[PDB]
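*Asks:* final_22.pdb (PDB, C-alpha atoms) pasted underneath:
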```
ATOM      1  CA  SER A   1      -8.035  14.021  -6.870  1.00  0.00           C
ATOM      2  CA  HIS A   2      -6.759  14.702  -3.377  1.00  0.00           C
ATOM      3  CA  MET A   3      -3.171  15.509  -4.271  1.00  0.00           C
ATOM      4  CA  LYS A   4      -2.618  13.268  -7.256  1.00  0.00           C
ATOM      5  CA  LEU A   5      -1.524  10.246  -5.402  1.00  0.00           C
ATOM      6  CA  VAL A   6      -1.866   6.583  -5.311  1.00  0.00           C
ATOM      7  CA  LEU A   7      -1.767   4.705  -1.983  1.00  0.00           C
ATOM      8  CA  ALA A   8      -0.776   1.007  -1.633  1.00  0.00           C
ATOM      9  CA  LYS A   9      -3.163  -1.400  -0.046  1.00  0.00           C
ATOM     10  CA  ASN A  10      -0.673  -3.573   1.875  1.00  0.00           C
ATOM     11  CA  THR A  11      -0.134  -1.297   4.947  1.00  0.00           C
ATOM     12  CA  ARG A  12      -3.315   0.736   5.056  1.00  0.00           C
ATOM     13  CA  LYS A  13      -5.885  -1.310   3.050  1.00  0.00           C
ATOM     14  CA  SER A  14      -8.829   0.973   3.298  1.00  0.00           C
ATOM     15  CA  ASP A  15      -9.835   1.095  -0.371  1.00  0.00           C
ATOM     16  CA  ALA A  16      -6.503   2.060  -1.886  1.00  0.00           C
ATOM     17  CA  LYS A  17      -6.029  -0.828  -4.308  1.00  0.00           C
ATOM     18  CA  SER A  18      -6.216  -0.818  -8.127  1.00  0.00           C
ATOM     19  CA  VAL A  19      -6.634   2.931  -8.090  1.00  0.00           C
ATOM     20  CA  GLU A  20      -3.635   3.622 -10.331  1.00  0.00           C
ATOM     21  CA  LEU A  21      -5.089   1.554 -13.181  1.00  0.00           C
ATOM     22  CA  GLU A  22      -8.127   3.770 -13.147  1.00  0.00           C
ATOM     23  CA  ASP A  23      -6.327   6.984 -12.402  1.00  0.00           C
ATOM     24  CA  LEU A  24      -4.275   6.235 -15.428  1.00  0.00           C
ATOM     25  CA  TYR A  25      -6.905   5.848 -18.062  1.00  0.00           C
ATOM     26  CA  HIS A  26      -9.070   8.466 -16.546  1.00  0.00           C
ATOM     27  CA  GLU A  27      -6.539  11.149 -15.490  1.00  0.00           C
ATOM     28  CA  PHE A  28      -5.156  10.942 -18.949  1.00  0.00           C
ATOM     29  CA  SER A  29      -8.385  11.430 -20.753  1.00  0.00           C
ATOM     30  CA  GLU A  30      -9.473  14.166 -18.460  1.00  0.00           C
ATOM     31  CA  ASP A  31      -6.271  16.080 -17.794  1.00  0.00           C
ATOM     32  CA  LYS A  32      -2.380  16.403 -18.558  1.00  0.00           C
ATOM     33  CA  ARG A  33      -1.073  15.557 -15.160  1.00  0.00           C
ATOM     34  CA  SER A  34       1.163  13.509 -12.974  1.00  0.00           C
ATOM     35  CA  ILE A  35       0.978  11.572  -9.772  1.00  0.00           C
ATOM     36  CA  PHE A  36       3.078  10.280  -6.933  1.00  0.00           C
ATOM     37  CA  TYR A  37       2.461   6.581  -5.968  1.00  0.00           C
ATOM     38  CA  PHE A  38       2.917   5.910  -2.114  1.00  0.00           C
ATOM     39  CA  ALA A  39       3.654   2.209  -1.846  1.00  0.00           C
ATOM     40  CA  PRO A  40       4.980   0.775   1.066  1.00  0.00           C
ATOM     41  CA  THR A  41       8.080   1.662   2.949  1.00  0.00           C
ATOM     42  CA  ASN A  42       7.619  -1.542   4.961  1.00  0.00           C
ATOM     43  CA  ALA A  43       7.254  -4.323   2.304  1.00  0.00           C
ATOM     44  CA  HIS A  44       8.439  -2.722  -0.961  1.00  0.00           C
ATOM     45  CA  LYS A  45       5.971  -5.177  -2.580  1.00  0.00           C
ATOM     46  CA  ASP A  46       3.110  -2.926  -3.767  1.00  0.00           C
ATOM     47  CA  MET A  47       5.772  -0.538  -5.161  1.00  0.00           C
ATOM     48  CA  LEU A  48       7.625  -3.175  -7.258  1.00  0.00           C
ATOM     49  CA  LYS A  49       4.179  -4.160  -8.586  1.00  0.00           C
ATOM     50  CA  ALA A  50       3.565  -0.532  -9.609  1.00  0.00           C
ATOM     51  CA  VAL A  51       6.602  -0.552 -11.932  1.00  0.00           C
ATOM     52  CA  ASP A  52       5.240  -3.749 -13.565  1.00  0.00           C
ATOM     53  CA  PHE A  53       1.684  -2.268 -13.945  1.00  0.00           C
ATOM     54  CA  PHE A  54       2.830   0.949 -15.490  1.00  0.00           C
ATOM     55  CA  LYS A  55       4.796  -0.955 -18.169  1.00  0.00           C
ATOM     56  CA  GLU A  56       1.807  -3.231 -18.894  1.00  0.00           C
ATOM     57  CA  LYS A  57      -0.555  -0.324 -19.793  1.00  0.00           C
ATOM     58  CA  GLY A  58       0.401   2.625 -22.143  1.00  0.00           C
ATOM     59  CA  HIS A  59      -1.472   5.399 -20.244  1.00  0.00           C
ATOM     60  CA  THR A  60       1.642   6.814 -18.784  1.00  0.00           C
ATOM     61  CA  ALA A  61       4.214   9.011 -20.034  1.00  0.00           C
ATOM     62  CA  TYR A  62       7.053   8.057 -17.634  1.00  0.00           C
ATOM     63  CA  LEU A  63       7.886   6.595 -14.241  1.00  0.00           C
ATOM     64  CA  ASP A  64      10.906   7.216 -11.950  1.00  0.00           C
ATOM     65  CA  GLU A  65      11.517   7.358  -8.136  1.00  0.00           C
ATOM     66  CA  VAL A  66      11.589  10.239  -5.845  1.00  0.00           C
ATOM     67  CA  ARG A  67      15.108  10.362  -4.315  1.00  0.00           C
ATOM     68  CA  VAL A  68      13.803  10.805  -0.907  1.00  0.00           C
ATOM     69  CA  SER A  69      13.983   7.018  -1.675  1.00  0.00           C
ATOM     70  CA  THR A  70      17.188   6.624   0.327  1.00  0.00           C
ATOM     71  CA  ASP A  71      15.374   8.131   3.352  1.00  0.00           C
ATOM     72  CA  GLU A  72      11.827   6.690   2.911  1.00  0.00           C
ATOM     73  CA  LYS A  73      11.435   4.373  -0.093  1.00  0.00           C
ATOM     74  CA  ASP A  74       7.723   5.041  -0.295  1.00  0.00           C
ATOM     75  CA  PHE A  75       7.587   7.218  -3.240  1.00  0.00           C
ATOM     76  CA  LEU A  76       7.261   6.730  -7.060  1.00  0.00           C
ATOM     77  CA  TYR A  77       6.982   9.868  -9.241  1.00  0.00           C
ATOM     78  CA  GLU A  78       4.811   8.998 -12.238  1.00  0.00           C
ATOM     79  CA  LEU A  79       3.855  11.353 -15.102  1.00  0.00           C
ATOM     80  CA  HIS A  80       0.822  10.910 -17.371  1.00  0.00           C
ATOM     81  CA  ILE A  81       0.815  12.619 -20.798  1.00  0.00           C
ATOM     82  CA  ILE A  82       4.007  14.664 -19.703  1.00  0.00           C
TER      83      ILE A  82
END
```
Spell out the structure here as structure tokens.
*Replies:*
Amino acid sequence: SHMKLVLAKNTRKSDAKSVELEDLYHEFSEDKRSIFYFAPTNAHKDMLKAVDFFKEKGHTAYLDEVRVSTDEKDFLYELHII
């Protein structure tokens, strides 16, 4: 992976979507590892959906913001098998 990151489809929409669900299972299996999800500054919709997705599937280890949140709000710091 490119730098361990997930991009939201709402603002860019090139392929970005549903990538976390797959990174999750697969990153896990493959490697002990962590990601940053970039979901939008502009809607905050794809990001709120990320929190719901991560709960729904047990891949994770944890999720919490990056506190550049106050400045950007794009940025979820998400750790898999931490």
*Asks:* Just how far from CA of residue 80 in chain A is CA of residue 31 in chain A, in Å to one decimal?
*Replies:* 8.8 Å
*Asks:* If you count only C-alpha atoms, which residues fall within 8 Å of residue 63 in chain A, apart from same-chain ones fewer than 4 positions away, as a VMD selection string?
*Replies:* chain A and resid 51 54 76 to 79
*Asks:* Let me make sure I understand: among A:18, A:60, A:34, A:42, which one has the smallest atom-to-atom distance to residue 74 in chain A if we use only C-alpha atoms?
*Replies:*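 Looking at the shortest contact to residue 74 in chain A, the residue is A:42.
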*Asks:* What do you get, as a PyMOL selection string, if you spell out every residue that the PyMOL selection byres ((chain A and resi 28) around 12) selects here?
*Replies:* chain A and resi 20-27+29-35+58-61+79-82
*Asks:* Just C-alpha atoms for this one: save the residues we selected as a short mmCIF file (atom, residue, chain, number, x, y, z; two decimals), keeping the file's coordinate frame.
*Replies:*
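Below is the file result09.cif, written as the result:
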```
data_model
loop_
_atom_site.label_atom_id
_atom_site.label_comp_id
_atom_site.auth_asym_id
_atom_site.auth_seq_id
_atom_site.Cartn_x
_atom_site.Cartn_y
_atom_site.Cartn_z
CA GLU A 20 -3.64 3.62 -10.33
CA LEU A 21 -5.09 1.55 -13.18
CA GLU A 22 -8.13 3.77 -13.15
CA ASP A 23 -6.33 6.98 -12.40
CA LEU A 24 -4.28 6.24 -15.43
CA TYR A 25 -6.90 5.85 -18.06
CA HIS A 26 -9.07 8.47 -16.55
CA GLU A 27 -6.54 11.15 -15.49
CA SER A 29 -8.38 11.43 -20.75
CA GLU A 30 -9.47 14.17 -18.46
CA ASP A 31 -6.27 16.08 -17.79
CA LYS A 32 -2.38 16.40 -18.56
CA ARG A 33 -1.07 15.56 -15.16
CA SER A 34 1.16 13.51 -12.97
CA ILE A 35 0.98 11.57 -9.77
CA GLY A 58 0.40 2.62 -22.14
CA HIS A 59 -1.47 5.40 -20.24
CA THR A 60 1.64 6.81 -18.78
CA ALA A 61 4.21 9.01 -20.03
CA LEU A 79 3.86 11.35 -15.10
CA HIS A 80 0.82 10.91 -17.37
CA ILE A 81 0.82 12.62 -20.80
CA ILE A 82 4.01 14.66 -19.70
#
```
*Asks:* Work out how far apart CA of residue 75 in chain A and CA of residue 38 in chain A are and give it in Å to one decimal.
*Replies:*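 Between these atoms lies a distance of 5.0 Å.
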*Asks:* Pick out the closest residue to residue 12 in chain A from this set: A:68, A:36, A:46, A:73. Count only C-alpha atoms.
*Replies:*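 Using only C-alpha atoms, residue 12 in chain A sits closest to A:46.
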*Asks:* Could I get range 15-63 of chain A from the block written out with N, CA and C atoms, as an mmCIF file, in the first residue's frame?
*Replies:*
```
data_model
loop_
_atom_site.group_PDB
_atom_site.id
_atom_site.type_symbol
_atom_site.label_atom_id
_atom_site.label_comp_id
_atom_site.auth_asym_id
_atom_site.auth_seq_id
_atom_site.Cartn_x
_atom_site.Cartn_y
_atom_site.Cartn_z
ATOM 1 N N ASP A 15 -11.691 5.593 -7.479
ATOM 2 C CA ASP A 15 -12.009 4.208 -7.117
ATOM 3 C C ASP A 15 -12.231 3.994 -5.625
ATOM 4 N N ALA A 16 -12.163 5.025 -4.761
ATOM 5 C CA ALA A 16 -11.558 4.985 -3.440
ATOM 6 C C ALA A 16 -12.324 3.994 -2.590
ATOM 7 N N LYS A 17 -13.642 3.969 -2.805
ATOM 8 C CA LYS A 17 -14.687 3.349 -2.040
ATOM 9 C C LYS A 17 -14.475 1.869 -1.821
ATOM 10 N N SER A 18 -14.917 1.512 -0.578
ATOM 11 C CA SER A 18 -15.001 0.179 0.076
ATOM 12 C C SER A 18 -13.670 -0.462 0.342
ATOM 13 N N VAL A 19 -12.625 0.358 0.092
ATOM 14 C CA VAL A 19 -11.242 -0.065 0.255
ATOM 15 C C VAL A 19 -10.865 -0.432 1.657
ATOM 16 N N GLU A 20 -11.404 0.217 2.689
ATOM 17 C CA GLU A 20 -11.090 -0.067 4.059
ATOM 18 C C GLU A 20 -11.529 -1.483 4.305
ATOM 19 N N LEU A 21 -12.659 -1.953 3.761
ATOM 20 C CA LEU A 21 -13.235 -3.206 4.300
ATOM 21 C C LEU A 21 -12.267 -4.324 3.971
ATOM 22 N N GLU A 22 -11.811 -4.269 2.735
ATOM 23 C CA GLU A 22 -10.704 -5.014 2.187
ATOM 24 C C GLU A 22 -9.368 -4.743 2.772
ATOM 25 N N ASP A 23 -8.969 -3.487 3.055
ATOM 26 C CA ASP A 23 -7.653 -3.359 3.630
ATOM 27 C C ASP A 23 -7.651 -4.073 4.912
ATOM 28 N N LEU A 24 -8.745 -3.992 5.603
ATOM 29 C CA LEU A 24 -8.894 -4.547 6.944
ATOM 30 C C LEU A 24 -8.570 -5.994 6.987
ATOM 31 N N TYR A 25 -9.375 -6.806 6.260
ATOM 32 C CA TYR A 25 -9.226 -8.229 6.364
ATOM 33 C C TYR A 25 -7.801 -8.536 5.937
ATOM 34 N N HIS A 26 -7.433 -7.915 4.826
ATOM 35 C CA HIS A 26 -6.259 -8.330 4.121
ATOM 36 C C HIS A 26 -4.975 -7.847 4.726
ATOM 37 N N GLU A 27 -4.921 -6.614 5.210
ATOM 38 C CA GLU A 27 -3.787 -5.986 5.884
ATOM 39 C C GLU A 27 -3.471 -6.757 7.091
ATOM 40 N N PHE A 28 -4.497 -7.155 7.819
ATOM 41 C CA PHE A 28 -4.457 -7.925 9.000
ATOM 42 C C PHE A 28 -3.718 -9.211 8.814
ATOM 43 N N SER A 29 -4.220 -9.977 7.833
ATOM 44 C CA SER A 29 -3.781 -11.307 7.578
ATOM 45 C C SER A 29 -2.354 -11.279 7.230
ATOM 46 N N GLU A 30 -2.043 -10.315 6.321
ATOM 47 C CA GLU A 30 -0.747 -10.141 5.746
ATOM 48 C C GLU A 30 0.322 -9.584 6.690
ATOM 49 N N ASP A 31 -0.066 -8.538 7.428
ATOM 50 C CA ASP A 31 0.856 -7.701 8.163
ATOM 51 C C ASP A 31 0.245 -7.014 9.459
ATOM 52 N N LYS A 32 1.033 -6.699 10.474
ATOM 53 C CA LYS A 32 0.679 -5.984 11.747
ATOM 54 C C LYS A 32 0.919 -4.433 11.686
ATOM 55 N N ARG A 33 -0.114 -3.567 11.618
ATOM 56 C CA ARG A 33 0.004 -2.474 10.650
ATOM 57 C C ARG A 33 -1.133 -1.535 10.945
ATOM 58 N N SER A 34 -1.365 -0.479 10.287
ATOM 59 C CA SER A 34 -2.071 0.629 10.836
ATOM 60 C C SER A 34 -2.360 1.412 9.615
ATOM 61 N N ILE A 35 -3.296 2.294 9.654
ATOM 62 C CA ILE A 35 -3.678 3.093 8.517
ATOM 63 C C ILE A 35 -4.098 4.415 9.046
ATOM 64 N N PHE A 36 -4.306 5.338 8.142
ATOM 65 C CA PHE A 36 -4.932 6.634 8.317
ATOM 66 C C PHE A 36 -6.093 6.628 7.283
ATOM 67 N N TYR A 37 -7.337 6.740 7.680
ATOM 68 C CA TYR A 37 -8.438 7.060 6.729
ATOM 69 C C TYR A 37 -8.766 8.615 6.460
ATOM 70 N N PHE A 38 -8.555 9.075 5.252
ATOM 71 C CA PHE A 38 -8.804 10.422 4.713
ATOM 72 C C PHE A 38 -10.204 10.515 4.082
ATOM 73 N N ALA A 39 -11.092 11.035 4.871
ATOM 74 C CA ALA A 39 -12.524 11.103 4.612
ATOM 75 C C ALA A 39 -13.065 12.416 5.054
ATOM 76 N N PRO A 40 -14.083 12.929 4.319
ATOM 77 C CA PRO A 40 -13.826 14.238 3.733
ATOM 78 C C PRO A 40 -13.770 15.315 4.781
ATOM 79 N N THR A 41 -12.969 16.372 4.455
ATOM 80 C CA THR A 41 -13.119 17.597 5.202
ATOM 81 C C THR A 41 -14.427 18.242 5.046
ATOM 82 N N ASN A 42 -14.901 18.313 3.773
ATOM 83 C CA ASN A 42 -16.058 18.953 3.189
ATOM 84 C C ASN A 42 -17.407 18.380 3.579
ATOM 85 N N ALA A 43 -17.685 17.047 3.608
ATOM 86 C CA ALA A 43 -19.010 16.625 4.078
ATOM 87 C C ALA A 43 -19.071 16.149 5.533
ATOM 88 N N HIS A 44 -18.010 15.485 5.969
ATOM 89 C CA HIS A 44 -17.851 14.711 7.180
ATOM 90 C C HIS A 44 -18.754 13.488 7.152
ATOM 91 N N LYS A 45 -19.134 13.009 5.931
ATOM 92 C CA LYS A 45 -20.156 11.952 5.832
ATOM 93 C C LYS A 45 -19.455 10.588 5.767
ATOM 94 N N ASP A 46 -18.479 10.515 4.814
ATOM 95 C CA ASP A 46 -17.720 9.272 4.588
ATOM 96 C C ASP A 46 -16.986 8.951 5.908
ATOM 97 N N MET A 47 -16.497 9.944 6.593
ATOM 98 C CA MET A 47 -15.776 9.737 7.864
ATOM 99 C C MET A 47 -16.633 9.151 8.995
ATOM 100 N N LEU A 48 -17.863 9.699 9.165
ATOM 101 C CA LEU A 48 -18.779 9.185 10.200
ATOM 102 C C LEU A 48 -19.142 7.736 9.876
ATOM 103 N N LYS A 49 -19.294 7.418 8.562
ATOM 104 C CA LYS A 49 -19.496 6.064 8.115
ATOM 105 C C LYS A 49 -18.311 5.145 8.409
ATOM 106 N N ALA A 50 -17.103 5.644 8.358
ATOM 107 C CA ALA A 50 -15.929 4.853 8.750
ATOM 108 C C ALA A 50 -15.987 4.350 10.188
ATOM 109 N N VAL A 51 -16.378 5.187 11.109
ATOM 110 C CA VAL A 51 -16.494 4.813 12.531
ATOM 111 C C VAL A 51 -17.505 3.674 12.644
ATOM 112 N N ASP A 52 -18.664 3.792 11.939
ATOM 113 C CA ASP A 52 -19.655 2.711 11.964
ATOM 114 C C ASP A 52 -19.103 1.397 11.361
ATOM 115 N N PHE A 53 -18.374 1.479 10.259
ATOM 116 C CA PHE A 53 -17.832 0.266 9.580
ATOM 117 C C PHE A 53 -16.853 -0.460 10.457
ATOM 118 N N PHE A 54 -15.975 0.336 11.109
ATOM 119 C CA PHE A 54 -14.914 -0.305 11.862
ATOM 120 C C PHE A 54 -15.492 -1.104 13.050
ATOM 121 N N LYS A 55 -16.527 -0.546 13.652
ATOM 122 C CA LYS A 55 -17.258 -1.259 14.738
ATOM 123 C C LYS A 55 -17.855 -2.580 14.215
ATOM 124 N N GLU A 56 -18.479 -2.489 13.035
ATOM 125 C CA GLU A 56 -19.247 -3.616 12.473
ATOM 126 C C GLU A 56 -18.404 -4.842 12.227
ATOM 127 N N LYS A 57 -17.176 -4.680 11.777
ATOM 128 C CA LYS A 57 -16.191 -5.770 11.546
ATOM 129 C C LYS A 57 -14.962 -5.745 12.496
ATOM 130 N N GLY A 58 -14.494 -6.893 12.958
ATOM 131 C CA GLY A 58 -13.589 -7.097 14.116
ATOM 132 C C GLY A 58 -12.074 -7.113 13.802
ATOM 133 N N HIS A 59 -11.754 -6.659 12.601
ATOM 134 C CA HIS A 59 -10.466 -6.718 11.901
ATOM 135 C C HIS A 59 -9.473 -5.941 12.757
ATOM 136 N N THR A 60 -9.919 -4.991 13.582
ATOM 137 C CA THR A 60 -9.276 -3.692 13.706
ATOM 138 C C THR A 60 -8.052 -3.961 14.584
ATOM 139 N N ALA A 61 -7.597 -3.048 15.366
ATOM 140 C CA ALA A 61 -7.498 -3.166 16.798
ATOM 141 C C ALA A 61 -8.208 -1.994 17.476
ATOM 142 N N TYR A 62 -7.964 -0.788 16.947
ATOM 143 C CA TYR A 62 -8.537 0.463 17.492
ATOM 144 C C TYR A 62 -8.848 1.485 16.424
ATOM 145 N N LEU A 63 -9.785 2.439 16.662
ATOM 146 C CA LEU A 63 -9.769 3.688 15.935
ATOM 147 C C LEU A 63 -9.933 4.977 16.751
#
```
